[PDB]
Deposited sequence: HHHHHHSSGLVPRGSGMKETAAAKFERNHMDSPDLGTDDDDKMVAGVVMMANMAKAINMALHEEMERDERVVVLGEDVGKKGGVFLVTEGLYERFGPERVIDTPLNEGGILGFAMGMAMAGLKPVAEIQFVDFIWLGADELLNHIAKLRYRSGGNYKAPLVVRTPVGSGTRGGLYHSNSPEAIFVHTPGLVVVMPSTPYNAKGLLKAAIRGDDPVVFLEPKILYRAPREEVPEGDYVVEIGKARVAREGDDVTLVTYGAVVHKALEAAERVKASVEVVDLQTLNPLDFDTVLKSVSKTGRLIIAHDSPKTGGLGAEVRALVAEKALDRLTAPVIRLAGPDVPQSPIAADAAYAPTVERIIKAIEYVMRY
């Protein structure tokens, strides 16, 4: 917080977190087959490791480094590797201090509901840096979904200092009292635009951590508004949005005055669609 800031887009912010965590703890290593700019020439071959293996091999490799006492951050697109990751997570649930960075344009669907696995997705340069630092420092296995569309823009102020965004905590990106709009990743910005173009007071909640979901924050917002819209760009069917709506339909139906709306991606949401949805629930 205090100190110099970078006017950074998400890629630069991730680059900052990696550089910082690596300078900070000799144990942190980066691996995989740019967000990693300058790490190699600064930390060397034994800290920045080109892994000429297939995804499972890289995963195994990262796991081996972790068992050896290191804190690996592996990049894996999962194009596939989930089988191995999910099993490790289940076992832990039932040691794996690793972070898998995976660019997203579904790896989400495959991991978001996995027990023992932490799944996070940043939405700003600020929480991209903050969440990655938190993920790296934690001892829990984490899949870090990076919305490729946010890599280049927008650019915002990012403190170069030591700060993290706590894993498992959602944030109110915009206070409002008529409608709760639960979202994450690239859609947070769309939700914020829509928030600005409607009459109703819209509270935008950015989940940040997709698993474990911060239900308290969501419940708090819905108890106030009584109206819920959930929006994400990943596949709608069976997606995270379905679980959130289901949890609200059982645990908090008494607080709703309107139908729960899900706006999500094709199985194989725009600002206008979100606006129409706000207008719709405001009828109740």
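If you line the structure up with the deposited chain, the stretches without a C-alpha atom are 1-43, 77-85, 132-135, 151-156, 168-178, 342-353.
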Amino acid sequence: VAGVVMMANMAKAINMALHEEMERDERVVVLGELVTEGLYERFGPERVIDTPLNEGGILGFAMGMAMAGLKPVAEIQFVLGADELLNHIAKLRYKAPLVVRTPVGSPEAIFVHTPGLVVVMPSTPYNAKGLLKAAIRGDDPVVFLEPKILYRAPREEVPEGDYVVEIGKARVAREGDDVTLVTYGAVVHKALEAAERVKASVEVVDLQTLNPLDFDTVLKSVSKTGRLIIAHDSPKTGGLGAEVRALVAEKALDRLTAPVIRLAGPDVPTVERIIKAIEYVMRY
From here on, numbers count along this sequence of modelled residues.
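Comparing 226-234 with 52-60, the higher mean C-alpha B-factor in the PDB entry belongs to 52-60. Of the two stretches examined, 241-249 and 43-51, the record assigns the greater average C-alpha temperature factor to 43-51. Within the group 101, 93, 129, 171, the record's highest C-alpha temperature factor is found at 93.
Comparing C-alpha B-factors across 29, 219, 67, 256 in the deposited entry, the largest value falls on 67.
Looking at the C-alpha B-factors along this chain, the one for residue 105 belongs to the highest third. Ranked within its chain, residue 1 lands in the highest third, by CA B factor from the PDB record. Residue-level temperature factors show residue 122 in the lowest third of its chain, judged at the C-alpha atom. Ranked by C-alpha B-factor against the other modelled residues of its chain, residue 193 falls in the highest third. Remark: residue 276 belongs to the middle third of its chain, ranked by C-alpha B-factor as recorded.
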